Structure formats: structure tokens, C-alpha cells
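The structure under discussion appears below in the form of C-alpha cells.
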Amino acid sequence: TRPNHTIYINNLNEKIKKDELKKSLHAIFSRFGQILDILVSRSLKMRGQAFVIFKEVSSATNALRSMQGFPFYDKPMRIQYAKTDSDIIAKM
RNA sequence: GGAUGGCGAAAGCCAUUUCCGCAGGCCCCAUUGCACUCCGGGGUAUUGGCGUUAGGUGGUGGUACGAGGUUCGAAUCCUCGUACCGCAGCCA
Ligand SMILES: [K+]
Ligand SMILES: [Mg+2]
Ligand SMILES: [Mg+2]
Ligand SMILES: [Mg+2]
Ligand SMILES: [Mg+2]
Ligand SMILES: [Mg+2]
Ligand SMILES: [Mg+2]
Ligand SMILES: [Mg+2]
Ligand SMILES: [Mg+2]
């Protein structure tokens, strides 16, 4: 557990189309602090996972302790910090 | 794409097709995966469109050619249109 600007989320319902997932994720997470970006992919290795990048590490960390396990589409979210800064954060 | 026919030396472009295929509907298998350019696979439906970067309307930049205007005349500047290309969305 090494605090990062980006929370990593897996165990997401894989049926949900992309656009919808982002929309829903943004509604739930944008209320923990300002969000800079949400990355969703439905590649063989990326599906079921989502990368939410807050603007301040204090937000990401708060979202984590709070949304951990939260129902989402009949599936508990499993959240963690992202093993590595996100492209936009690092350049900055 | 294959085949067949048309102009061609090919490139290509056109056409046809109860050959194969693509996006869109609907099901099924597989994946618990730490990424930032994308990207598993299969069955069935399969009109129309397209042809592996594989559908469409209208829209924004571009490339191409055309028209009107600019001008003495323009290959310049201006706008309009069309074909295509990367693009966002929406629809299939
Ligand atoms: K045919
Ligand atoms: Mg052929
Ligand atoms: Mg021929
Ligand atoms: Mg001939
Ligand atoms: Mg041909
Ligand atoms: Mg299909
Ligand atoms: Mg298929
Ligand atoms: Mg002229
Ligand atoms: Mg004149």
C-alpha cells in the first residue's frame, strides 16, 4: 500500500459497455476530490479493470478507504493504489 | 480478399457473384488481468453496405480536383462543392 494519485480498480462487471463504466465511475468517484482522468479498456488483459486518476493524492486515498468493496453491478469493487504514477501525473 | 467479365503491360478502376469474410442484434467459451497507440475467440441472424485499416448520415482539420469570386490574368488570397484520408459523436 503506497499512496498514489491513481486508484486501481478490478473485479468490475465485464458486461457494462465502456462509455457507461466511465460515466458511472465518474459519478461515484468525482465526489472524493477532483478527477483528472478515468481509463477504461476492454482488451483481453485490460477488461474488468479501471484506472481512476485523482488530482490530489489525498483524494485517491480517501476514495479507496471509502469505496472499497462497494457494490457496482452486482460485484464488490476491489480497490488499490496504482503500482505506478500515471503518464499525466509523472510528466507533471 | 476468391472466382467470372470489362479497359489496362500492371497499378488500378467498374461489374457480377446460393465463394469466403467485416461492423451492427442475439447468445456461448475463455480472462481477476497494474495499464496509458490499439488488439482473446466462437455460434447464430446475415436485408443493405463494405473488403481485411472491411457499414452510414450529418460535422471539424487535412489531401485532391472542380466552380464562383480575387486579379489585367492568375498556378495568389476568398468562399462553395465533390472524392478520399486521420478524427469526434451519433446511428446500424
Ligand atoms: K457476391
Ligand atoms: Mg479480387
Ligand atoms: Mg480482371
Ligand atoms: Mg481489355
Ligand atoms: Mg478490383
Ligand atoms: Mg457480428
Ligand atoms: Mg466472428
Ligand atoms: Mg478559378
Ligand atoms: Mg473576375
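By order in the C-alpha cells, chains are A, B, ...; within a chain, residues start at 1; ligands start at 1, following the order shown.
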Check every residue of chain A for an atom within 9 Å of chain B, counting only C-alpha atoms (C1' of nucleotides), and provide those that qualify as a PyMOL selection string.
chain A and resi 8+10-11+39+41+43-51+82-84+86-88
Do you know which residues are within 12 Å of ligand 9 using only C-alpha atoms (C1' of nucleotides) and all ligand atoms? Can you write them as a PDB file with N, CA and C atoms (P, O5', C5', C4', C3', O3' and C1' of nucleotides), in the first residue's frame?
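The resulting result24.pdb:
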```
ATOM      1  P     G B  68     -16.811  29.405 -63.150  1.00  0.00           P
ATOM      2  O5'   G B  68     -17.258  30.302 -61.915  1.00  0.00           O
ATOM      3  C5'   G B  68     -18.638  30.502 -61.636  1.00  0.00           C
ATOM      4  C4'   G B  68     -18.800  31.275 -60.356  1.00  0.00           C
ATOM      5  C3'   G B  68     -17.920  32.502 -60.250  1.00  0.00           C
ATOM      6  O3'   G B  68     -18.444  33.606 -60.963  1.00  0.00           O
ATOM      7  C1'   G B  68     -17.751  31.283 -58.250  1.00  0.00           C
ATOM      8  P     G B  69     -17.429  34.664 -61.623  1.00  0.00           P
ATOM      9  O5'   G B  69     -16.738  35.346 -60.351  1.00  0.00           O
ATOM     10  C5'   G B  69     -17.512  36.175 -59.490  1.00  0.00           C
ATOM     11  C4'   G B  69     -16.845  36.373 -58.137  1.00  0.00           C
ATOM     12  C3'   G B  69     -15.522  37.109 -58.046  1.00  0.00           C
ATOM     13  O3'   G B  69     -15.614  38.506 -58.255  1.00  0.00           O
ATOM     14  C1'   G B  69     -15.469  35.310 -56.552  1.00  0.00           C
ATOM     15  P     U B  70     -14.384  39.276 -58.946  1.00  0.00           P
ATOM     16  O5'   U B  70     -13.157  38.996 -57.963  1.00  0.00           O
ATOM     17  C5'   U B  70     -13.108  39.580 -56.657  1.00  0.00           C
ATOM     18  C4'   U B  70     -11.698  39.533 -56.109  1.00  0.00           C
ATOM     19  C3'   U B  70     -10.632  40.163 -56.993  1.00  0.00           C
ATOM     20  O3'   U B  70     -10.527  41.553 -56.675  1.00  0.00           O
ATOM     21  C1'   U B  70      -9.936  37.998 -56.288  1.00  0.00           C
ATOM     22  P     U B  71     -10.599  42.659 -57.841  1.00  0.00           P
ATOM     23  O5'   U B  71      -9.329  42.354 -58.746  1.00  0.00           O
ATOM     24  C5'   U B  71      -8.019  42.590 -58.257  1.00  0.00           C
ATOM     25  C4'   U B  71      -7.020  41.881 -59.123  1.00  0.00           C
ATOM     26  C3'   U B  71      -7.122  42.193 -60.608  1.00  0.00           C
ATOM     27  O3'   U B  71      -6.449  43.405 -60.947  1.00  0.00           O
ATOM     28  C1'   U B  71      -6.987  39.855 -60.306  1.00  0.00           C
ATOM     29  P     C B  72      -7.166  44.463 -61.932  1.00  0.00           P
ATOM     30  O5'   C B  72      -6.748  43.963 -63.390  1.00  0.00           O
ATOM     31  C5'   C B  72      -7.472  44.369 -64.549  1.00  0.00           C
ATOM     32  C4'   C B  72      -7.050  43.541 -65.741  1.00  0.00           C
ATOM     33  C3'   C B  72      -7.155  42.035 -65.555  1.00  0.00           C
ATOM     34  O3'   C B  72      -8.460  41.552 -65.853  1.00  0.00           O
ATOM     35  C1'   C B  72      -5.020  42.568 -66.423  1.00  0.00           C
ATOM     36  P     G B  73      -9.036  40.287 -65.046  1.00  0.00           P
ATOM     37  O5'   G B  73      -7.990  39.129 -65.368  1.00  0.00           O
ATOM     38  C5'   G B  73      -7.842  38.634 -66.695  1.00  0.00           C
ATOM     39  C4'   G B  73      -6.846  37.498 -66.732  1.00  0.00           C
ATOM     40  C3'   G B  73      -7.022  36.450 -65.649  1.00  0.00           C
ATOM     41  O3'   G B  73      -8.033  35.500 -65.991  1.00  0.00           O
ATOM     42  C1'   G B  73      -4.737  37.057 -65.801  1.00  0.00           C
ATOM     43  P     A B  74      -8.648  34.548 -64.846  1.00  0.00           P
ATOM     44  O5'   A B  74      -7.488  34.521 -63.757  1.00  0.00           O
ATOM     45  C5'   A B  74      -7.222  33.363 -62.974  1.00  0.00           C
ATOM     46  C4'   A B  74      -5.736  33.086 -62.951  1.00  0.00           C
ATOM     47  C3'   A B  74      -5.262  32.192 -61.825  1.00  0.00           C
ATOM     48  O3'   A B  74      -5.486  30.832 -62.149  1.00  0.00           O
ATOM     49  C1'   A B  74      -3.793  34.031 -62.038  1.00  0.00           C
TER      50        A B  74
END
```
Grab the atom 1 (Mg, counted along the ligand's line) of ligand 8 to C1' of residue 75 in chain B distance for me, in Å with one decimal place.
9.7 Å
Sorted by chain and rising residue number, list the residues of chain B at most 12 Å from ligand 1 (counting only C-alpha atoms (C1' of nucleotides) and all ligand atoms), each with its closest atom pair and distance in Å to one decimal, as a Markdown table.
```
| residue | atom | partner | partner_atom_place_in_ligand_line | distance |
| --- | --- | --- | --- | --- |
| B:1 | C1' | ligand 1 | 1 (K) | 11.7 |
| B:2 | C1' | ligand 1 | 1 (K) | 10.2 |
| B:3 | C1' | ligand 1 | 1 (K) | 9.8 |
| B:4 | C1' | ligand 1 | 1 (K) | 11.0 |
| B:15 | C1' | ligand 1 | 1 (K) | 11.4 |
| B:16 | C1' | ligand 1 | 1 (K) | 7.6 |
| B:17 | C1' | ligand 1 | 1 (K) | 3.9 |
| B:18 | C1' | ligand 1 | 1 (K) | 9.6 |
| B:19 | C1' | ligand 1 | 1 (K) | 7.6 |
| B:20 | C1' | ligand 1 | 1 (K) | 9.4 |
| B:21 | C1' | ligand 1 | 1 (K) | 10.8 |
| B:50 | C1' | ligand 1 | 1 (K) | 11.7 |
| B:51 | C1' | ligand 1 | 1 (K) | 11.2 |
```
So that I have them on file, write out the residues from the current selection with N, CA and C atoms (P, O5', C5', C4', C3', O3' and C1' of nucleotides), as a PDB file, in the first residue's frame.
```
ATOM      1  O5'   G B   1     -10.073  -7.533 -52.286  1.00  0.00           O
ATOM      2  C5'   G B   1      -8.871  -8.150 -52.263  1.00  0.00           C
ATOM      3  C4'   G B   1      -8.578  -9.471 -51.576  1.00  0.00           C
ATOM      4  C3'   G B   1      -8.855 -10.700 -52.422  1.00  0.00           C
ATOM      5  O3'   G B   1      -7.719 -11.052 -53.181  1.00  0.00           O
ATOM      6  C1'   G B   1      -9.999 -10.922 -50.381  1.00  0.00           C
ATOM      7  P     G B   2      -8.040 -11.630 -54.509  1.00  0.00           P
ATOM      8  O5'   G B   2      -8.895 -12.949 -54.242  1.00  0.00           O
ATOM      9  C5'   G B   2      -8.280 -14.189 -53.921  1.00  0.00           C
ATOM     10  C4'   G B   2      -9.190 -15.349 -54.289  1.00  0.00           C
ATOM     11  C3'   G B   2      -9.656 -15.371 -55.731  1.00  0.00           C
ATOM     12  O3'   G B   2      -8.683 -15.976 -56.559  1.00  0.00           O
ATOM     13  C1'   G B   2     -11.522 -15.730 -54.324  1.00  0.00           C
ATOM     14  P     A B   3      -8.681 -15.621 -58.009  1.00  0.00           P
ATOM     15  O5'   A B   3     -10.074 -16.126 -58.592  1.00  0.00           O
ATOM     16  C5'   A B   3     -10.417 -17.507 -58.573  1.00  0.00           C
ATOM     17  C4'   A B   3     -11.819 -17.701 -59.099  1.00  0.00           C
ATOM     18  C3'   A B   3     -12.141 -17.015 -60.422  1.00  0.00           C
ATOM     19  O3'   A B   3     -11.752 -17.785 -61.553  1.00  0.00           O
ATOM     20  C1'   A B   3     -13.836 -16.508 -58.884  1.00  0.00           C
ATOM     21  P     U B   4     -11.287 -17.044 -62.907  1.00  0.00           P
ATOM     22  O5'   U B   4     -12.619 -16.424 -63.519  1.00  0.00           O
ATOM     23  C5'   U B   4     -13.687 -17.264 -63.936  1.00  0.00           C
ATOM     24  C4'   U B   4     -14.872 -16.430 -64.341  1.00  0.00           C
ATOM     25  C3'   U B   4     -14.549 -15.242 -65.230  1.00  0.00           C
ATOM     26  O3'   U B   4     -14.323 -15.599 -66.585  1.00  0.00           O
ATOM     27  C1'   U B   4     -16.030 -14.547 -63.544  1.00  0.00           C
ATOM     28  P     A B  15     -19.296  -0.770 -59.478  1.00  0.00           P
ATOM     29  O5'   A B  15     -19.703  -2.008 -60.404  1.00  0.00           O
ATOM     30  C5'   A B  15     -20.483  -1.811 -61.581  1.00  0.00           C
ATOM     31  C4'   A B  15     -20.715  -3.122 -62.284  1.00  0.00           C
ATOM     32  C3'   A B  15     -21.120  -4.269 -61.388  1.00  0.00           C
ATOM     33  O3'   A B  15     -22.508  -4.223 -61.199  1.00  0.00           O
ATOM     34  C1'   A B  15     -19.441  -5.004 -62.883  1.00  0.00           C
ATOM     35  P     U B  16     -23.159  -4.943 -59.938  1.00  0.00           P
ATOM     36  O5'   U B  16     -23.062  -6.489 -60.296  1.00  0.00           O
ATOM     37  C5'   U B  16     -23.751  -7.032 -61.401  1.00  0.00           C
ATOM     38  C4'   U B  16     -23.424  -8.491 -61.529  1.00  0.00           C
ATOM     39  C3'   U B  16     -23.518  -9.280 -60.240  1.00  0.00           C
ATOM     40  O3'   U B  16     -24.852  -9.720 -60.000  1.00  0.00           O
ATOM     41  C1'   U B  16     -21.480  -9.792 -61.348  1.00  0.00           C
ATOM     42  P     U B  17     -25.317 -10.110 -58.501  1.00  0.00           P
ATOM     43  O5'   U B  17     -24.481 -11.421 -58.176  1.00  0.00           O
ATOM     44  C5'   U B  17     -24.639 -12.605 -58.939  1.00  0.00           C
ATOM     45  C4'   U B  17     -23.623 -13.614 -58.485  1.00  0.00           C
ATOM     46  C3'   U B  17     -23.697 -13.896 -56.994  1.00  0.00           C
ATOM     47  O3'   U B  17     -24.548 -15.019 -56.799  1.00  0.00           O
ATOM     48  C1'   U B  17     -21.441 -13.469 -57.659  1.00  0.00           C
ATOM     49  P     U B  18     -25.900 -14.860 -55.963  1.00  0.00           P
ATOM     50  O5'   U B  18     -25.986 -16.189 -55.089  1.00  0.00           O
ATOM     51  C5'   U B  18     -25.879 -16.118 -53.672  1.00  0.00           C
ATOM     52  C4'   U B  18     -25.787 -17.501 -53.080  1.00  0.00           C
ATOM     53  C3'   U B  18     -24.806 -18.442 -53.762  1.00  0.00           C
ATOM     54  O3'   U B  18     -23.509 -18.267 -53.208  1.00  0.00           O
ATOM     55  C1'   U B  18     -26.895 -19.526 -53.487  1.00  0.00           C
ATOM     56  P     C B  19     -22.222 -18.182 -54.174  1.00  0.00           P
ATOM     57  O5'   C B  19     -21.000 -18.550 -53.209  1.00  0.00           O
ATOM     58  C5'   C B  19     -20.415 -19.854 -53.213  1.00  0.00           C
ATOM     59  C4'   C B  19     -19.017 -19.823 -52.605  1.00  0.00           C
ATOM     60  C3'   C B  19     -18.895 -19.168 -51.239  1.00  0.00           C
ATOM     61  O3'   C B  19     -19.158 -20.138 -50.242  1.00  0.00           O
ATOM     62  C1'   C B  19     -17.168 -18.368 -52.670  1.00  0.00           C
ATOM     63  P     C B  20     -19.602 -19.677 -48.773  1.00  0.00           P
ATOM     64  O5'   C B  20     -18.348 -18.856 -48.229  1.00  0.00           O
ATOM     65  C5'   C B  20     -17.157 -19.543 -47.834  1.00  0.00           C
ATOM     66  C4'   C B  20     -16.037 -18.570 -47.500  1.00  0.00           C
ATOM     67  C3'   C B  20     -16.291 -17.507 -46.441  1.00  0.00           C
ATOM     68  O3'   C B  20     -16.201 -17.961 -45.096  1.00  0.00           O
ATOM     69  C1'   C B  20     -15.236 -16.501 -48.275  1.00  0.00           C
ATOM     70  P     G B  21     -17.255 -17.401 -44.017  1.00  0.00           P
ATOM     71  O5'   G B  21     -16.688 -15.970 -43.602  1.00  0.00           O
ATOM     72  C5'   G B  21     -15.320 -15.805 -43.291  1.00  0.00           C
ATOM     73  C4'   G B  21     -14.891 -14.369 -43.497  1.00  0.00           C
ATOM     74  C3'   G B  21     -15.583 -13.262 -42.720  1.00  0.00           C
ATOM     75  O3'   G B  21     -15.097 -13.204 -41.376  1.00  0.00           O
ATOM     76  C1'   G B  21     -15.217 -12.580 -44.956  1.00  0.00           C
ATOM     77  P     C B  50     -20.876  -0.712 -51.179  1.00  0.00           P
ATOM     78  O5'   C B  50     -19.561  -1.175 -50.414  1.00  0.00           O
ATOM     79  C5'   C B  50     -18.720  -0.215 -49.784  1.00  0.00           C
ATOM     80  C4'   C B  50     -17.962  -0.855 -48.652  1.00  0.00           C
ATOM     81  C3'   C B  50     -16.872  -1.849 -49.028  1.00  0.00           C
ATOM     82  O3'   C B  50     -15.643  -1.178 -49.234  1.00  0.00           O
ATOM     83  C1'   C B  50     -18.231  -2.777 -47.338  1.00  0.00           C
ATOM     84  P     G B  51     -14.696  -1.618 -50.451  1.00  0.00           P
ATOM     85  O5'   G B  51     -13.601  -2.630 -49.854  1.00  0.00           O
ATOM     86  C5'   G B  51     -13.021  -2.506 -48.534  1.00  0.00           C
ATOM     87  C4'   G B  51     -12.579  -3.883 -48.060  1.00  0.00           C
ATOM     88  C3'   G B  51     -11.666  -4.564 -49.078  1.00  0.00           C
ATOM     89  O3'   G B  51     -10.386  -4.912 -48.512  1.00  0.00           O
ATOM     90  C1'   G B  51     -13.482  -5.981 -48.409  1.00  0.00           C
TER      91        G B  51
END
```
Return as number ranges by chain the residues of protein, DNA or RNA that approach ligand 7 to within 12 Å, with only C-alpha atoms (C1' of nucleotides) and all ligand atoms taken into account.
B: 21-23, 40-44, 46
Hey, which of A:7, A:38, A:25, A:89 ends up closest to residue 61 in chain A? Count only C-alpha atoms.
A:7
Sorted by chain and rising residue number, which residues of chain B lie within 12 Å of ligand 4, and what are their closest atom pairs and distances in Å to one decimal, counting only C-alpha atoms (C1' of nucleotides) and all ligand atoms, as CSV?
```
residue,atom,partner,partner_atom_place_in_ligand_line,distance
B:5,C1',ligand 4,1 (Mg),10.3
B:6,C1',ligand 4,1 (Mg),6.6
B:7,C1',ligand 4,1 (Mg),5.1
B:8,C1',ligand 4,1 (Mg),6.3
B:9,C1',ligand 4,1 (Mg),11.0
```
Looking only at the backbone, which of the residues in chain A does DSSP tag as alpha helix (DSSP H), as a PyMOL selection string?
chain A and resi 18-29+57-67+87-91
Can I get the selected residues back with N, CA, C and O atoms, as a compact mmCIF listing (two decimals), in the first residue's frame?
```txt
# COMPACT_ATOMS: atom_id res chain seq x y z
N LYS A 18 -18.11 0.31 -22.33
CA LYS A 18 -17.10 1.26 -21.90
C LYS A 18 -17.63 2.59 -21.41
O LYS A 18 -17.48 2.92 -20.23
N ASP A 19 -18.20 3.35 -22.33
CA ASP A 19 -18.76 4.66 -22.01
C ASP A 19 -19.52 4.66 -20.68
O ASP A 19 -19.28 5.52 -19.82
N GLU A 20 -20.41 3.68 -20.50
CA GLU A 20 -21.22 3.60 -19.27
C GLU A 20 -20.36 3.48 -18.04
O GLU A 20 -20.56 4.19 -17.05
N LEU A 21 -19.39 2.56 -18.10
CA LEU A 21 -18.49 2.33 -16.97
C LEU A 21 -17.85 3.66 -16.57
O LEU A 21 -17.95 4.07 -15.41
N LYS A 22 -17.24 4.35 -17.54
CA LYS A 22 -16.63 5.64 -17.24
C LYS A 22 -17.61 6.59 -16.60
O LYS A 22 -17.27 7.27 -15.63
N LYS A 23 -18.82 6.66 -17.16
CA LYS A 23 -19.83 7.58 -16.65
C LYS A 23 -20.11 7.28 -15.21
O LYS A 23 -20.01 8.14 -14.34
N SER A 24 -20.46 6.03 -14.95
CA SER A 24 -20.78 5.63 -13.60
C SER A 24 -19.59 5.85 -12.65
O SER A 24 -19.79 6.37 -11.54
N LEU A 25 -18.38 5.47 -13.07
CA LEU A 25 -17.20 5.62 -12.22
C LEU A 25 -16.97 7.06 -11.87
O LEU A 25 -16.59 7.39 -10.73
N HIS A 26 -17.21 7.93 -12.84
CA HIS A 26 -17.03 9.34 -12.61
C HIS A 26 -18.06 9.87 -11.62
O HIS A 26 -17.73 10.69 -10.76
N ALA A 27 -19.31 9.41 -11.72
CA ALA A 27 -20.29 9.88 -10.74
C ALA A 27 -19.84 9.46 -9.33
O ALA A 27 -19.72 10.29 -8.44
N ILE A 28 -19.56 8.18 -9.14
CA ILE A 28 -19.14 7.71 -7.83
C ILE A 28 -17.83 8.33 -7.29
O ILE A 28 -17.74 8.72 -6.12
N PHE A 29 -16.81 8.43 -8.13
CA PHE A 29 -15.55 8.93 -7.62
C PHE A 29 -15.30 10.43 -7.61
O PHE A 29 -14.55 10.93 -6.76
N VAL A 57 -3.33 13.35 -4.19
CA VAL A 57 -3.21 12.06 -3.54
C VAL A 57 -4.14 11.84 -2.36
O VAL A 57 -4.53 10.71 -2.07
N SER A 58 -4.50 12.92 -1.68
CA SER A 58 -5.40 12.80 -0.54
C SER A 58 -6.80 12.33 -0.97
O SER A 58 -7.52 11.69 -0.19
N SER A 59 -7.18 12.62 -2.21
CA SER A 59 -8.48 12.21 -2.71
C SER A 59 -8.47 10.72 -3.01
O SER A 59 -9.29 9.96 -2.50
N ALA A 60 -7.51 10.31 -3.83
CA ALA A 60 -7.39 8.91 -4.19
C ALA A 60 -7.42 8.08 -2.93
O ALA A 60 -8.18 7.13 -2.82
N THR A 61 -6.59 8.45 -1.97
CA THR A 61 -6.52 7.71 -0.72
C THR A 61 -7.86 7.67 0.02
O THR A 61 -8.24 6.64 0.58
N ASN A 62 -8.62 8.77 -0.01
CA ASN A 62 -9.92 8.79 0.66
C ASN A 62 -10.94 7.94 -0.08
O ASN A 62 -11.71 7.20 0.53
N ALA A 63 -10.93 8.02 -1.41
CA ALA A 63 -11.86 7.22 -2.19
C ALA A 63 -11.64 5.75 -1.85
O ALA A 63 -12.59 5.01 -1.61
N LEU A 64 -10.38 5.35 -1.79
CA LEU A 64 -10.01 3.98 -1.50
C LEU A 64 -10.59 3.40 -0.21
O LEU A 64 -11.28 2.38 -0.23
N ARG A 65 -10.31 4.05 0.91
CA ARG A 65 -10.81 3.53 2.18
C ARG A 65 -12.33 3.55 2.20
O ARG A 65 -12.95 2.78 2.93
N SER A 66 -12.93 4.39 1.36
CA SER A 66 -14.37 4.53 1.33
C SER A 66 -15.18 3.66 0.38
O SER A 66 -16.21 3.13 0.77
N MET A 67 -14.72 3.53 -0.86
CA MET A 67 -15.44 2.74 -1.87
C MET A 67 -15.06 1.27 -1.97
O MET A 67 -15.66 0.51 -2.74
N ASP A 87 0.90 8.32 -16.57
CA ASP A 87 1.51 9.20 -17.55
C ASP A 87 1.29 10.70 -17.31
O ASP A 87 2.26 11.46 -17.34
N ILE A 88 0.06 11.14 -17.08
CA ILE A 88 -0.13 12.58 -16.89
C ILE A 88 0.47 13.11 -15.59
O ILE A 88 1.02 14.21 -15.57
N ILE A 89 0.39 12.34 -14.52
CA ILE A 89 0.94 12.77 -13.24
C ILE A 89 2.45 12.93 -13.30
O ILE A 89 2.99 13.95 -12.88
N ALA A 90 3.13 11.90 -13.83
CA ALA A 90 4.59 11.85 -13.96
C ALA A 90 5.20 12.98 -14.79
O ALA A 90 6.19 13.59 -14.38
N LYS A 91 4.64 13.25 -15.97
CA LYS A 91 5.13 14.34 -16.81
C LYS A 91 5.12 15.59 -15.94
O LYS A 91 6.07 16.38 -15.93
```
Residues at most 9 Å from ligand 5, using only C-alpha atoms (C1' of nucleotides) and all ligand atoms? Could they come as a list in words?
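Sorted by chain and then by number, the residues are residues 12, 13 and 14 of chain B.
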Just to be explicit: take each residue in the selection above, keep C-alpha atoms (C1' of nucleotides), and write the result as a PDB file, in the first residue's frame.
```pdb
ATOM      1  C1'   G B  12      -5.939   0.463 -60.751  1.00  0.00           C
ATOM      2  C1'   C B  13     -10.707   1.361 -61.539  1.00  0.00           C
ATOM      3  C1'   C B  14     -16.063  -0.818 -62.944  1.00  0.00           C
TER       4        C B  14
END
```
Report the residues of chain A whose backbone DSSP state falls under strand (DSSP E or B), written as a ChimeraX atom specification.
/A:6-10,35-40,50-54,78-81
Pick out the residues sitting within 12 Å of residue 48 in chain B, and hand them over as a ChimeraX atom specification; count only C-alpha atoms (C1' of nucleotides), and ignore anything fewer than 4 positions along from it in its own chain.
/B:24,55-56,92
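Shortest separation to residue 30 in chain A among A:81, A:52, A:70, A:2 occurs at residue A:52, atoms counted being only C-alpha atoms.
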I'd like the neighbourhood of residue 69 in chain A as an MDAnalysis selection string, where a residue qualifies if any of its atoms comes within 7 Å (using only C-alpha atoms (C1' of nucleotides)), though same-chain residues fewer than 5 positions away should be ignored.
chainID A and resid 76:78
Selected residues written out with N, CA and C atoms, as a short mmCIF file (atom, residue, chain, number, x, y, z; two decimals), in the first residue's frame:
```
data_model
loop_
_atom_site.label_atom_id
_atom_site.label_comp_id
_atom_site.auth_asym_id
_atom_site.auth_seq_id
_atom_site.Cartn_x
_atom_site.Cartn_y
_atom_site.Cartn_z
N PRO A 76 -18.64 -6.61 -5.86
CA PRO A 76 -17.89 -5.73 -4.95
C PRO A 76 -16.63 -5.14 -5.59
N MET A 77 -16.44 -3.84 -5.50
CA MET A 77 -15.25 -3.28 -6.09
C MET A 77 -14.05 -3.66 -5.23
N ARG A 78 -12.92 -3.89 -5.87
CA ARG A 78 -11.71 -4.19 -5.14
C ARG A 78 -10.79 -3.05 -5.54
#
```
Hey, what's within 8 Å of residue 54 in chain A if we count only C-alpha atoms (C1' of nucleotides) and toss same-chain stuff fewer than 5 positions away? As a ChimeraX atom specification, please?
/A:5-7,33-37,59-60
Deliver the residues from the most recent selection as a file, using N, CA and C atoms, as a PDB file, in the first residue's frame.
```pdb
ATOM      1  N   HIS A   5      -1.627   8.951  -6.803  1.00  0.00           N
ATOM      2  CA  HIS A   5      -2.654   9.822  -7.360  1.00  0.00           C
ATOM      3  C   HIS A   5      -3.727   9.011  -8.060  1.00  0.00           C
ATOM      4  N   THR A   6      -3.403   7.759  -8.349  1.00  0.00           N
ATOM      5  CA  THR A   6      -4.312   6.893  -9.079  1.00  0.00           C
ATOM      6  C   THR A   6      -4.771   5.638  -8.368  1.00  0.00           C
ATOM      7  N   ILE A   7      -6.074   5.458  -8.246  1.00  0.00           N
ATOM      8  CA  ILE A   7      -6.546   4.225  -7.647  1.00  0.00           C
ATOM      9  C   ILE A   7      -6.741   3.211  -8.793  1.00  0.00           C
ATOM     10  N   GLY A  33     -12.918  14.016  -4.676  1.00  0.00           N
ATOM     11  CA  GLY A  33     -11.931  15.012  -4.999  1.00  0.00           C
ATOM     12  C   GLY A  33     -12.000  15.148  -6.492  1.00  0.00           C
ATOM     13  N   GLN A  34     -11.360  16.171  -7.028  1.00  0.00           N
ATOM     14  CA  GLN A  34     -11.363  16.383  -8.464  1.00  0.00           C
ATOM     15  C   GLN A  34     -10.646  15.239  -9.192  1.00  0.00           C
ATOM     16  N   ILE A  35     -11.252  14.764 -10.275  1.00  0.00           N
ATOM     17  CA  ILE A  35     -10.671  13.688 -11.065  1.00  0.00           C
ATOM     18  C   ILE A  35     -10.025  14.248 -12.314  1.00  0.00           C
ATOM     19  N   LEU A  36      -8.869  13.705 -12.686  1.00  0.00           N
ATOM     20  CA  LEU A  36      -8.169  14.172 -13.874  1.00  0.00           C
ATOM     21  C   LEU A  36      -8.440  13.254 -15.051  1.00  0.00           C
ATOM     22  N   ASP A  37      -8.697  11.986 -14.766  1.00  0.00           N
ATOM     23  CA  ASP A  37      -8.972  11.053 -15.841  1.00  0.00           C
ATOM     24  C   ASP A  37      -9.343   9.659 -15.376  1.00  0.00           C
ATOM     25  N   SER A  59      -7.180  12.619  -2.210  1.00  0.00           N
ATOM     26  CA  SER A  59      -8.484  12.211  -2.715  1.00  0.00           C
ATOM     27  C   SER A  59      -8.469  10.721  -3.006  1.00  0.00           C
ATOM     28  N   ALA A  60      -7.513  10.310  -3.829  1.00  0.00           N
ATOM     29  CA  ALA A  60      -7.386   8.912  -4.187  1.00  0.00           C
ATOM     30  C   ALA A  60      -7.416   8.076  -2.932  1.00  0.00           C
TER      31      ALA A  60
END
```
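Across the model, the gap from CA of residue 31 in chain A to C1' of residue 90 in chain B is 29.3 Å.
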Closest to residue 59 in chain B among B:47, B:87, B:76, B:37, using only C-alpha atoms (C1' of nucleotides)?
B:87
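Atom pair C1' of residue 85 in chain B / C1' of residue 10 in chain B: separated by 24.9 Å.
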Which of B:25, B:61, B:81, B:86 sits closest to ligand 6 [using only C-alpha atoms (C1' of nucleotides) and all ligand atoms]
B:25
